[PDB]
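Enquirer: Quick one: the structure is below, questions incoming.
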Amino acid sequence: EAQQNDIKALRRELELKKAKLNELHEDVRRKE
Amino acid sequence: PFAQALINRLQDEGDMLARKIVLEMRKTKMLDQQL
Amino acid sequence: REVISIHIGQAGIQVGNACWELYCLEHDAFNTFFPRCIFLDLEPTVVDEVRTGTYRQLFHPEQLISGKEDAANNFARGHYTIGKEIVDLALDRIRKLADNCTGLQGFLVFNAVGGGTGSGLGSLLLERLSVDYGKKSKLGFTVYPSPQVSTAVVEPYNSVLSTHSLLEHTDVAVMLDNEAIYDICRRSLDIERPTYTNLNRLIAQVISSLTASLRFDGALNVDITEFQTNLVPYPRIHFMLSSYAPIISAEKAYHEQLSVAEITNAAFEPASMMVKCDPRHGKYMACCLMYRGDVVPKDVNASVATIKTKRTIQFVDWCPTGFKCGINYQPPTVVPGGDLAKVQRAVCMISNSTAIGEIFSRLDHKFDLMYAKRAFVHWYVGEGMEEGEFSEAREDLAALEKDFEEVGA
Amino acid sequence: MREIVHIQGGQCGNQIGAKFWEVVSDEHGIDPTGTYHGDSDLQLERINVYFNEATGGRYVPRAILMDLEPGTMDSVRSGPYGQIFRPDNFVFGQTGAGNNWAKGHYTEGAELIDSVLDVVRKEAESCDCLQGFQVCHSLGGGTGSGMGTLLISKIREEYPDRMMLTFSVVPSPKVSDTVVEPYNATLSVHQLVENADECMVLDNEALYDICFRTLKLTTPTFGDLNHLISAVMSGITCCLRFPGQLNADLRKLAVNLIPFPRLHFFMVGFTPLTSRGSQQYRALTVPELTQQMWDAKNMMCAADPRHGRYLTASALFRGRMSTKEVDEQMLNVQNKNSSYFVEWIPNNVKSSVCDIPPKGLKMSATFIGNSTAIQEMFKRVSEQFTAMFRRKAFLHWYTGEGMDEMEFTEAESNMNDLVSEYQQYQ
Amino acid sequence: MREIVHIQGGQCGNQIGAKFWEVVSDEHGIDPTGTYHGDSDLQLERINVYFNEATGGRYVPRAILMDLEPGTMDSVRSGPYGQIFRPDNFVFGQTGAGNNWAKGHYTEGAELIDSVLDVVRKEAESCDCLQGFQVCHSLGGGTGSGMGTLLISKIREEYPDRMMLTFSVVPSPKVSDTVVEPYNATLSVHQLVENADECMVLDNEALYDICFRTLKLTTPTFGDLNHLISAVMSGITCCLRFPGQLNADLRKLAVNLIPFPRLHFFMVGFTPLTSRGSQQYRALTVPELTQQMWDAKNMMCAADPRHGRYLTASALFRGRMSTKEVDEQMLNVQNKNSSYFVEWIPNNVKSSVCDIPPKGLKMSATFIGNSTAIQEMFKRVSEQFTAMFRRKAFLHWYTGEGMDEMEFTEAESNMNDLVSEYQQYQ
Ligand SMILES: Nc1nc2c(ncn2[C@@H]2O[C@H](COP(=O)(O)OP(=O)(O)OP(=O)(O)O)[C@@H](O)[C@H]2O)c(=O)[nH]1
Ligand SMILES: Nc1nc2c(ncn2[C@@H]2O[C@H](COP(=O)(O)OP(=O)(O)O)[C@@H](O)[C@H]2O)c(=O)[nH]1
Ligand SMILES: Nc1nc2c(ncn2[C@@H]2O[C@H](COP(=O)(O)OP(=O)(O)O)[C@@H](O)[C@H]2O)c(=O)[nH]1
Ligand SMILES: [Mg+2]
């Protein structure tokens, strides 16, 4: 059960990081 | 069982994404001077 | 004197469905059009909308050609597999249309290069027309895909593979995007939510303004053979930016004071080009100005002087007389349900420059990226193609880029 | 003109197809007695794609029901829109496989597949320009999966140029009805990767989850789930049946969403889907349809697309709408969420617009994303398959029927090499 | 174009917001069904600020209800104008905090606030140009104070460049509904001074005083209190919805009334507010609105400003008025009582006029004063906080949830230096 919690935490962190990355990419496109 | 390998894949991918995020912050900070 | 029009594809005959509506509404002057047309497509759905539409009796039943099944956004399918059975029937009709004619100025073709029918059998029709007549002009008003606004996925493959034949087959090729026209309808026509119908209506305005010299008597007439000399300085450089003025609504038109000086200016700003490209990066090789309606030669003469003396735009070092004017007396007509107000006078400008060299370069990367990983290539190869023609069409556009850079210097 | 022959297999296929012919017959305005009674002219000129005029205005569907148990046939014949089929088309065995893939693929199929092929051939050449076949079946059952899969292989041998759609449901461990689900689904996929043209993957978790969260139904029986699947199937072949400002047939969608020949497993979604209590609290615009389309909690598969990247995507719109709004919305989602899309492919979204909405609605949409998140289920299945096959559970029920150990190893091999190629292209 | 998204938290927030949406919808001529039935074209020009057109005249409010117990949600849908809210905007927990700021800020907030954030995101991106957010809540309760304050902090780090109003009633010893009021108020104010752009102090004691003397009501239920608060909220944002001779937007008010980033606690009053027995004997001119505005017994807080000094003040007038009269009245009340005003700022009063009165009156006004006397509440609350915390009363319900002791000491220090810093500029 412990490893299951690790899975559902790492994906959520991974998801937040991917969303931040998209924001940065969008800003570069607008600024260029 | 197989979740033990899933945690490795997810951990390594998360760390690599941080490296991409870091480089992108320098890129936008570099263009902001040129503006 | 007559000129016949061919329409290919979903985009071609919808453009024609608006273009012929304008011709009938506009009309011995009719002799050049009355129709001398042919619709042809692989999908029967859009042609048979005409067969049951309001213009049932207007078109002779045979004219409306229609295949059995679509090429499905597949240049190879619409050029090698399915084209081979319908193209022969089409051109073996167009011949007897020309035999009906006596003083044929030329043909004019309408196609979009993104699709399979507009691109594939477009080029196939063009190749048998060039070997059959050769000398007679074939004006091709094509619709290239926009850089950022796009509806398909494999359209880079189609656009490159279509262009390789559009070079050495058509005589005068006018680019038209969809984003640029969308921007025109958003900016000037203030239509925030446009559809394909509005685009096709103002495309017909451009076509009508360049054939009105044959149809009606003006102060300075200009035939289709005239564009052949006055705008193409080299046999393989014929790609024309288009523009129109005044594109204006029904209320704004009355408020503003339309004249010759300001519309000659408005037809030169990149905020009014029919192709998404910035001619500030390029240098004008030649310009052509069709004036319709209430025009005396003095103010058109004065207007080209002010353009030459401005420095916001530049010309090539080769042409001091870099213009070709043309004046016709009859004003542009309006369509009920159309958005363009009635104007005493309008200007359709067709230029040639090196800004077009940017669109091909922009196109190259998108095609290059997909081709390197061999995306979607298995569809075209199983249709009948090989890796040879992909790579060789690629290097043809590479040569064209160097060509524009060399001539522009 | 273009022709679609319908083939339904098994209990799942028959009941899904029953609801399908209900909604298509209403769209074309045909009564339960078989006669035309519609109002608009538009509904007449394109009924040959799905029907055949028999005599006295009798339009019979071009369908083939196929199973091994008579309960499904009698339930079909009992209900409304049950007396519109030709009784000769109810090709029907008698013994029954019963969740044994070997029975439905080697023993019992061997005496039925001859009769179905006779009917489908006579029904195929009855029309002039075939567009393709349309199959609805499952991958957990035996007579649906095994016989339907064998029928797919034989059909692709005879007609190798014609198109092929397969609406197949796959089993998931959260909704696990039979015990031998992995043994069936793994072998079934082995044949689907080489025989079908494209497969629109379905599942019951997402369907039950959709009716809970978005539809907020209280008792979602199979009728409502089959109603949703039918609405998807009507949306995918609306372009043939009705004129539009931009048409996209079956072949047109296939070439724009399949970048490599083995990458033909799709995810599906339908919009708009709103609760009955909130149907009047909403607008009907293109942006609203797009927000509900690209929601990851709206696919009809239990595979979150945000767990991977989209290779391509497709949006079929129905209704009077502006094409500019269509392209701007697709471009907007392509720029803001840049990481979820593949990079060496620009324009991962093909779009199309038809001018006739489904009955009762103003504007609808159908999404078909070919993503690389679909590989999780194949891994999600293969781990179960190995769990049984490491220790030969239930294996003799198939071994004493003809399958040898190499067949299961081959099925594992094909499953494993497939999940690697999805991982490769991500 | 300029847009306000509305957020209601807890039981206090739900009743206040309920009577608020009735008042605005009645001003814009929208009936309980939610369809337009007004007459003037002027009422339609500025409905984008608070509503979205759904279909066929249906206007839905741009509000989000957020709580923890379903009694408030069902009481909202029961009453009139209850059928206008979109049911999806009822984002909602199930367990209940119950007057425990730690339960409202650490345990139940951590799983509800992601949901309320997602609704707010959709509501913010659904519109084009945000003017600000509007949050109504209390400071004594738990599900309003702790959760709402966490929502404020989360939103401020998301959209940092937009305004934000929060209308908060605060506890007082004379109206003491719960026992841990100071432990909730002190921690809530600590977060408000560092997150919110501007706050509007309210209390229930002053509202009861208003209903006794000015309204002369027999039975002042909560409906009338919410009626007064709603009239104030409509009065301040009237400038964005209607044109006038001198328009003053929310940002224009914020920069004109806040001299220093920590001095953003205002006391509010509204005029005219008269009993039905004396409403017949009254006149409607500018001086009668002012001398009822600037009366100390009309403020909606129990902080008498003449026990302090005015920094700045503002009046928002509604109705066809003469701007000369408006300015000379502000001049008169500032010249006579010069001691009550700050000295190093001349012309302490910002004034504005709008040309649309509320229905039922010919001329009205709304007063917003940023005095320094608001520190009476801070000392008045902090001593009760100290009286329990010196002796560790009720502490374990806060401590055993995740909070430690330095949180209370830091909160004490920040509240204490805040009242100290108000006193220095005084
Ligand atoms: N201006 C304009 N462009 C159109 C219109 N219809 C389609 N297009 C363009 O056509 C391109 C695709 O080709 P289509 O004409 O739709 O289809 P096709 O050329 O007949 O090829 P197939 O789909 O295989 O039949 C798209 O990129 C559109 O931009 C139209 O009505 N007006
Ligand atoms: N959506 C839907 N799924 C069904 C229906 N009937 C059966 N299923 C699914 O089919 C699977 C069993 O397939 P089965 O009916 O035994 O196939 P068959 O025996 O080969 O005909 C189960 O997982 C069910 O969830 C139905 O009417 N609708
Ligand atoms: N003005 C007004 N105040 C209210 C109303 N209902 C509750 N309150 C106030 O709310 C305070 C208690 O907060 P509570 O409702 O328990 O907040 P919550 O539990 O966090 O939602 C009391 O001091 C009341 O004065 C109302 O209808 N109007
Ligand atoms: Mg087409």
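We name chains A, B, ... following the order of the structure tokens; residues begin at 1 in each chain, and ligands are numbered from 1 as shown.
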Neighbouring residues of ligand 2 are defined here as those with any atom at most 6 Å from a ligand atom, counting only C-alpha atoms and all ligand atoms; list them as a list in words.
Expert: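 Taking only C-alpha atoms and all ligand atoms into account, the residues around ligand 2 at most 6 Å away are residues 10, 11, 12, 15, 16, 98, 99, 138, 140, 141, 142, 143, 144, 145, 171, 177, 222, 225 and 226 of chain D.
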Enquirer: With ligand 4 as the partner and 9 Å as the cut-off, tabulate the residues of chain D that qualify, each row holding the nearest pair of atoms and their distance in Å to one decimal, using only C-alpha atoms and all ligand atoms, sorted by chain and rising number, as a Markdown table.
Expert:
| residue | atom | partner | partner_atom_place_in_ligand_line | distance |
| --- | --- | --- | --- | --- |
| D:246 | CA | ligand 4 | 1 (Mg) | 7.5 |
| D:247 | CA | ligand 4 | 1 (Mg) | 6.6 |
| D:248 | CA | ligand 4 | 1 (Mg) | 7.8 |
Enquirer: Kindly export the residues of the current selection with N, CA, C and O atoms, as a short mmCIF file (atom, residue, chain, number, x, y, z; two decimals), in the first residue's frame.
Expert:
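Below is the file that was written, out00.cif:
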data_model
loop_
_atom_site.label_atom_id
_atom_site.label_comp_id
_atom_site.auth_asym_id
_atom_site.auth_seq_id
_atom_site.Cartn_x
_atom_site.Cartn_y
_atom_site.Cartn_z
N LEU D 246 -16.74 21.09 -44.84
CA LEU D 246 -15.48 20.37 -45.02
C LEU D 246 -15.73 18.91 -44.69
O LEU D 246 -16.09 18.59 -43.55
N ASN D 247 -15.54 18.04 -45.66
CA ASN D 247 -15.88 16.63 -45.52
C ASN D 247 -14.65 15.81 -45.18
O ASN D 247 -13.53 16.14 -45.57
N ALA D 248 -14.88 14.73 -44.44
CA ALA D 248 -13.80 13.84 -44.01
C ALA D 248 -14.39 12.44 -43.91
O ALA D 248 -15.12 12.14 -42.96
#
Enquirer: What parts of region 110-249 of chain D does DSSP call alpha helix (DSSP H)? I'd like the answer as a PyMOL selection string.
Expert: chain D and resi 110-124+145-158+181-195+204-213+222-236+238-241
Enquirer: Write out as a CSV table (one decimal) with N, CA, C and O atoms, in the first residue's frame which residues come within 10 Å of region 41-45 of chain E when counting only C-alpha atoms, dropping same-chain ones fewer than 6 positions away.
Expert:
chain,number,residue,atom,x,y,z
E,27,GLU,N,-32.0,44.4,-10.3
E,27,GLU,CA,-31.6,45.7,-10.9
E,27,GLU,C,-31.5,45.6,-12.4
E,27,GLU,O,-31.8,46.5,-13.2
E,28,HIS,N,-31.0,44.4,-12.9
E,28,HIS,CA,-30.8,44.2,-14.3
E,28,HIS,C,-32.1,43.6,-15.0
E,28,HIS,O,-32.0,43.2,-16.2
E,29,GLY,N,-33.2,43.5,-14.3
E,29,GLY,CA,-34.5,43.1,-14.9
E,29,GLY,C,-34.5,41.7,-15.2
E,29,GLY,O,-35.2,41.3,-16.2
E,30,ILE,N,-33.9,40.8,-14.5
E,30,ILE,CA,-33.9,39.3,-14.8
E,30,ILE,C,-34.8,38.7,-13.7
E,30,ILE,O,-34.5,38.8,-12.5
E,241,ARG,N,-21.0,49.2,-13.8
E,241,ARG,CA,-22.2,48.7,-14.5
E,241,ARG,C,-23.0,49.8,-15.2
E,241,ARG,O,-23.8,49.5,-16.0
E,242,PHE,N,-22.8,51.0,-14.8
E,242,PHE,CA,-23.6,52.1,-15.3
E,242,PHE,C,-22.8,53.3,-15.5
E,242,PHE,O,-21.8,53.5,-14.8
E,243,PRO,N,-23.1,54.1,-16.5
E,243,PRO,CA,-22.3,55.3,-16.8
E,243,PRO,C,-22.7,56.4,-15.9
E,243,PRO,O,-23.8,56.5,-15.3
E,356,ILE,N,-27.5,56.1,-12.1
E,356,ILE,CA,-28.5,55.1,-12.1
E,356,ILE,C,-28.8,54.8,-10.6
E,356,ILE,O,-28.0,54.2,-9.9
Enquirer: Using only C-alpha atoms, determine which residues of chain E fall within 7 Å of chain D; present them as an MDAnalysis selection string.
Expert: chainID E and resid 54:55 60 86:87
Enquirer: Take the residues from that selection and put them in a file with N, CA and C atoms, as a JSON list (two decimals), in the first residue's frame.
Expert:
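Ended up saving to out.json:
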[["chain", "number", "residue", "atom", "x", "y", "z"],
["E", 54, "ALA", "N", -26.58, 32.14, -21.23],
["E", 54, "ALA", "CA", -26.51, 30.71, -21.54],
["E", 54, "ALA", "C", -27.23, 30.37, -22.84],
["E", 55, "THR", "N", -28.55, 30.53, -22.88],
["E", 55, "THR", "CA", -29.31, 30.36, -24.11],
["E", 55, "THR", "C", -30.76, 30.80, -23.95],
["E", 60, "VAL", "N", -26.86, 33.38, -16.20],
["E", 60, "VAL", "CA", -26.39, 32.69, -15.01],
["E", 60, "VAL", "C", -25.42, 33.58, -14.24],
["E", 86, "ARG", "N", -25.63, 27.99, -11.44],
["E", 86, "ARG", "CA", -25.26, 26.76, -12.12],
["E", 86, "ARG", "C", -24.97, 25.71, -11.06],
["E", 87, "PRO", "N", -25.58, 24.53, -11.14],
["E", 87, "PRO", "CA", -25.36, 23.53, -10.08],
["E", 87, "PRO", "C", -23.93, 23.05, -9.96]]
Enquirer: Could you pull the residues within 10 Å of residue 3 (chain B), counting only C-alpha atoms, minus those fewer than 2 positions along the same chain, as a list in words?
Expert: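 Everything that qualifies: residues 3, 4, 6 and 7 of chain A; 1, 5, 6, 7, 8 and 9 of chain B.
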Enquirer: Just to be explicit: take each residue in the selection above, keep C-alpha atoms, and write the result as a PDB file, in the first residue's frame.
Expert:
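Below you can see selection-v7.pdb, which holds the result:
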ATOM      1  CA  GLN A   3       4.346   2.054  -2.833  1.00  0.00           C
ATOM      2  CA  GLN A   4       0.872   2.910  -4.146  1.00  0.00           C
ATOM      3  CA  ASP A   6       4.418   6.874  -3.720  1.00  0.00           C
ATOM      4  CA  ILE A   7       2.990   6.337  -7.209  1.00  0.00           C
TER       5      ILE A   7
ATOM      6  CA  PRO B   1       6.050  -5.868  -7.628  1.00  0.00           C
ATOM      7  CA  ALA B   5       9.993  -0.173 -11.383  1.00  0.00           C
ATOM      8  CA  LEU B   6       7.262   2.430 -11.886  1.00  0.00           C
ATOM      9  CA  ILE B   7       8.716   4.548  -9.071  1.00  0.00           C
ATOM     10  CA  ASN B   8      12.112   4.460 -10.766  1.00  0.00           C
ATOM     11  CA  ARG B   9      10.648   5.580 -14.102  1.00  0.00           C
TER      12      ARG B   9
END
Enquirer: Using only C-alpha atoms and a cut-off of 7 Å, which residues of chain C sit close to chain D? Please list them as JSON, numbers by chain.
Expert: {"C": [45, 46, 72, 73, 149, 150, 151, 152, 153, 154, 193, 194, 195, 196, 366, 369, 370, 375, 376, 379]}
Enquirer: Print the selection's residues with N, CA and C atoms to a file, as a PDB file, in the first residue's frame.
Expert:
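To be explicit, this is the file written out as again-v3.pdb:
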ATOM      1  N   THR C  45     -20.295  14.732 -52.925  1.00  0.00           N
ATOM      2  CA  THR C  45     -21.198  15.411 -52.000  1.00  0.00           C
ATOM      3  C   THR C  45     -21.343  16.896 -52.314  1.00  0.00           C
ATOM      4  N   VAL C  46     -20.243  17.568 -52.659  1.00  0.00           N
ATOM      5  CA  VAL C  46     -20.307  19.009 -52.891  1.00  0.00           C
ATOM      6  C   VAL C  46     -20.778  19.353 -54.302  1.00  0.00           C
ATOM      7  N   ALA C  72      -9.050  11.574 -50.297  1.00  0.00           N
ATOM      8  CA  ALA C  72      -8.861  11.559 -48.848  1.00  0.00           C
ATOM      9  C   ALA C  72      -7.498  12.136 -48.455  1.00  0.00           C
ATOM     10  N   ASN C  73      -7.296  13.414 -48.787  1.00  0.00           N
ATOM     11  CA  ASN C  73      -6.107  14.160 -48.369  1.00  0.00           C
ATOM     12  C   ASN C  73      -4.847  13.365 -48.671  1.00  0.00           C
ATOM     13  N   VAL C 149      -2.449  28.713 -38.713  1.00  0.00           N
ATOM     14  CA  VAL C 149      -3.808  28.188 -38.802  1.00  0.00           C
ATOM     15  C   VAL C 149      -3.808  27.035 -39.791  1.00  0.00           C
ATOM     16  N   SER C 150      -4.326  25.891 -39.364  1.00  0.00           N
ATOM     17  CA  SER C 150      -4.254  24.702 -40.193  1.00  0.00           C
ATOM     18  C   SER C 150      -5.402  23.756 -39.870  1.00  0.00           C
ATOM     19  N   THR C 151      -5.910  23.064 -40.891  1.00  0.00           N
ATOM     20  CA  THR C 151      -6.956  22.069 -40.692  1.00  0.00           C
ATOM     21  C   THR C 151      -6.511  20.625 -40.859  1.00  0.00           C
ATOM     22  N   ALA C 152      -5.490  20.347 -41.658  1.00  0.00           N
ATOM     23  CA  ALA C 152      -5.026  18.982 -41.863  1.00  0.00           C
ATOM     24  C   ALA C 152      -3.679  18.770 -41.185  1.00  0.00           C
ATOM     25  N   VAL C 153      -3.133  17.565 -41.353  1.00  0.00           N
ATOM     26  CA  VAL C 153      -1.866  17.186 -40.749  1.00  0.00           C
ATOM     27  C   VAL C 153      -0.803  16.896 -41.799  1.00  0.00           C
ATOM     28  N   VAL C 154      -1.176  16.234 -42.893  1.00  0.00           N
ATOM     29  CA  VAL C 154      -0.203  15.822 -43.895  1.00  0.00           C
ATOM     30  C   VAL C 154      -0.069  16.878 -44.983  1.00  0.00           C
ATOM     31  N   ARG C 193     -16.380  36.225 -36.429  1.00  0.00           N
ATOM     32  CA  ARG C 193     -16.642  34.795 -36.564  1.00  0.00           C
ATOM     33  C   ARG C 193     -16.968  34.492 -38.022  1.00  0.00           C
ATOM     34  N   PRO C 194     -15.958  34.453 -38.890  1.00  0.00           N
ATOM     35  CA  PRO C 194     -16.185  34.175 -40.309  1.00  0.00           C
ATOM     36  C   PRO C 194     -16.145  32.692 -40.645  1.00  0.00           C
ATOM     37  N   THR C 195     -16.803  32.355 -41.746  1.00  0.00           N
ATOM     38  CA  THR C 195     -16.827  31.002 -42.280  1.00  0.00           C
ATOM     39  C   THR C 195     -16.279  31.017 -43.703  1.00  0.00           C
ATOM     40  N   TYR C 196     -16.275  29.845 -44.343  1.00  0.00           N
ATOM     41  CA  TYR C 196     -15.714  29.739 -45.687  1.00  0.00           C
ATOM     42  C   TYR C 196     -16.485  30.557 -46.712  1.00  0.00           C
ATOM     43  N   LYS C 366       8.648  22.325 -41.628  1.00  0.00           N
ATOM     44  CA  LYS C 366       7.550  21.443 -41.244  1.00  0.00           C
ATOM     45  C   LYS C 366       7.588  20.162 -42.067  1.00  0.00           C
ATOM     46  N   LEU C 369      10.820  18.102 -40.925  1.00  0.00           N
ATOM     47  CA  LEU C 369      10.755  17.410 -39.642  1.00  0.00           C
ATOM     48  C   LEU C 369      10.011  16.093 -39.792  1.00  0.00           C
ATOM     49  N   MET C 370       8.856  16.133 -40.453  1.00  0.00           N
ATOM     50  CA  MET C 370       8.041  14.937 -40.592  1.00  0.00           C
ATOM     51  C   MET C 370       8.730  13.901 -41.463  1.00  0.00           C
ATOM     52  N   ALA C 375       7.328   9.968 -41.187  1.00  0.00           N
ATOM     53  CA  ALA C 375       5.935   9.970 -40.769  1.00  0.00           C
ATOM     54  C   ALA C 375       5.026   9.933 -41.990  1.00  0.00           C
ATOM     55  N   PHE C 376       3.918   9.196 -41.879  1.00  0.00           N
ATOM     56  CA  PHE C 376       2.867   9.157 -42.895  1.00  0.00           C
ATOM     57  C   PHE C 376       3.348   8.751 -44.284  1.00  0.00           C
ATOM     58  N   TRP C 379       1.631   5.697 -46.253  1.00  0.00           N
ATOM     59  CA  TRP C 379       0.389   5.906 -46.992  1.00  0.00           C
ATOM     60  C   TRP C 379       0.655   6.241 -48.452  1.00  0.00           C
TER      61      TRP C 379
END
Enquirer: Skipping near chain neighbours, those fewer than 5 positions away, what residues fall within 9 Å of residue 17 (chain A) using only C-alpha atoms, listed as a list in words?
Expert: residues 12 and 22 of chain A; 14, 17, 18 and 21 of chain B
Enquirer: To one decimal place, how far is CA of residue 423 (chain D) from CA of residue 166 (chain D) in Å?
Expert: 23.9 Å
Enquirer: Restrict the distance test to only C-alpha atoms, flag each residue of chain D within 12 Å of chain B, and return the flagged residues as a PDB file with C-alpha atoms, in the first residue's frame.
Expert:
ATOM      1  CA  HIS D 307      -0.043  10.083 -18.769  1.00  0.00           C
ATOM      2  CA  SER D 339       4.445  19.312 -23.565  1.00  0.00           C
ATOM      3  CA  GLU D 376      -0.520   1.515 -20.100  1.00  0.00           C
ATOM      4  CA  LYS D 379       1.067  -3.321 -19.842  1.00  0.00           C
ATOM      5  CA  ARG D 380      -1.944  -3.377 -17.485  1.00  0.00           C
ATOM      6  CA  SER D 382       0.228  -8.199 -19.918  1.00  0.00           C
ATOM      7  CA  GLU D 383       1.056  -8.218 -16.209  1.00  0.00           C
ATOM      8  CA  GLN D 384      -2.140 -10.173 -15.544  1.00  0.00           C
ATOM      9  CA  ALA D 387       0.520 -13.860 -13.696  1.00  0.00           C
TER      10      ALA D 387
END
Enquirer: When you count only C-alpha atoms and all ligand atoms, which of these residues is closest to ligand 1: C:171, C:2, C:129, C:204?
Expert: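 Nearest to ligand 1: C:204.
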Enquirer: Write out as a list in words which residues come within 8 Å of residue 69 (chain D) when counting only C-alpha atoms, dropping same-chain ones fewer than 6 positions away.
Expert: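 These residues fall inside the cut-off: residues 92, 93, 94, 95 and 96 of chain D.
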Enquirer: Using only C-alpha atoms and all ligand atoms, which protein or nucleic acid residues are at most 6 Å from ligand 1, as a list in words?
Expert: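 For ligand 1, the residues inside 6 Å are residues 9, 10, 11, 14, 15, 43, 70, 71, 72, 73, 112, 114, 115, 116, 117, 118, 145, 151, 196, 199 and 200 of chain C; 246 of chain D.
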Enquirer: Quick one: write out the picked residues with N, CA and C atoms as a short mmCIF file (atom, residue, chain, number, x, y, z; two decimals), in the first residue's frame?
Expert:
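part02.cif, written as the output of this step:
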data_model
loop_
_atom_site.label_atom_id
_atom_site.label_comp_id
_atom_site.auth_asym_id
_atom_site.auth_seq_id
_atom_site.Cartn_x
_atom_site.Cartn_y
_atom_site.Cartn_z
N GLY C 9 -11.92 20.21 -56.68
CA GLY C 9 -11.88 19.94 -55.26
C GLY C 9 -12.98 20.60 -54.45
N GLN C 10 -12.95 20.27 -53.15
CA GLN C 10 -13.88 20.85 -52.19
C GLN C 10 -13.73 22.36 -52.12
N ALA C 11 -12.49 22.84 -52.11
CA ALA C 11 -12.26 24.28 -52.07
C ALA C 11 -12.49 24.92 -53.43
N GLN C 14 -16.35 25.30 -54.36
CA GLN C 14 -17.03 26.23 -53.47
C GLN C 14 -16.62 27.66 -53.79
N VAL C 15 -15.35 27.87 -54.13
CA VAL C 15 -14.93 29.18 -54.63
C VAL C 15 -15.68 29.51 -55.91
N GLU C 43 -15.12 13.33 -54.48
CA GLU C 43 -16.27 13.16 -53.60
C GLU C 43 -17.51 13.79 -54.23
N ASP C 70 -13.48 9.57 -52.80
CA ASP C 70 -12.51 10.63 -52.56
C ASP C 70 -11.06 10.14 -52.46
N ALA C 71 -10.14 11.07 -52.76
CA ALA C 71 -8.72 10.82 -52.60
C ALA C 71 -8.28 10.90 -51.14
N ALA C 72 -9.05 11.57 -50.30
CA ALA C 72 -8.86 11.56 -48.85
C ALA C 72 -7.50 12.14 -48.45
N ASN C 73 -7.30 13.41 -48.79
CA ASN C 73 -6.11 14.16 -48.37
C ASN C 73 -4.85 13.36 -48.67
N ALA C 112 -7.01 24.13 -54.17
CA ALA C 112 -6.28 24.23 -52.92
C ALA C 112 -5.27 23.09 -52.84
N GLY C 114 -3.58 21.87 -50.30
CA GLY C 114 -3.51 21.04 -49.11
C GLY C 114 -4.14 19.67 -49.29
N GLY C 115 -5.26 19.61 -50.00
CA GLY C 115 -5.99 18.37 -50.18
C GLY C 115 -5.35 17.46 -51.20
N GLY C 116 -6.03 16.34 -51.47
CA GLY C 116 -5.54 15.42 -52.47
C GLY C 116 -6.10 15.69 -53.86
N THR C 117 -7.39 16.00 -53.94
CA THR C 117 -8.00 16.29 -55.23
C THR C 117 -7.52 17.63 -55.77
N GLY C 118 -7.54 18.67 -54.93
CA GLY C 118 -7.08 19.97 -55.37
C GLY C 118 -5.62 19.97 -55.77
N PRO C 145 -1.55 26.39 -47.60
CA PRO C 145 -1.86 26.33 -46.17
C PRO C 145 -1.12 27.40 -45.40
N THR C 151 -5.91 23.06 -40.89
CA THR C 151 -6.96 22.07 -40.69
C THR C 151 -6.51 20.63 -40.86
N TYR C 196 -16.28 29.84 -44.34
CA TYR C 196 -15.71 29.74 -45.69
C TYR C 196 -16.48 30.56 -46.71
N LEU C 199 -15.10 34.11 -47.12
CA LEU C 199 -13.81 34.07 -47.79
C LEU C 199 -13.98 33.95 -49.30
N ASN C 200 -14.84 33.04 -49.74
CA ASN C 200 -15.04 32.80 -51.17
C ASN C 200 -15.69 33.99 -51.87
N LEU D 246 -16.74 21.09 -44.84
CA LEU D 246 -15.48 20.37 -45.02
C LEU D 246 -15.73 18.91 -44.69
#
Enquirer: So how many Å separate CA of residue 127 (chain C) and CA of residue 238 (chain C), to one decimal?
Expert: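 If I compute the distance from CA of residue 127 (chain C) to CA of residue 238 (chain C), I get 17.4 Å.
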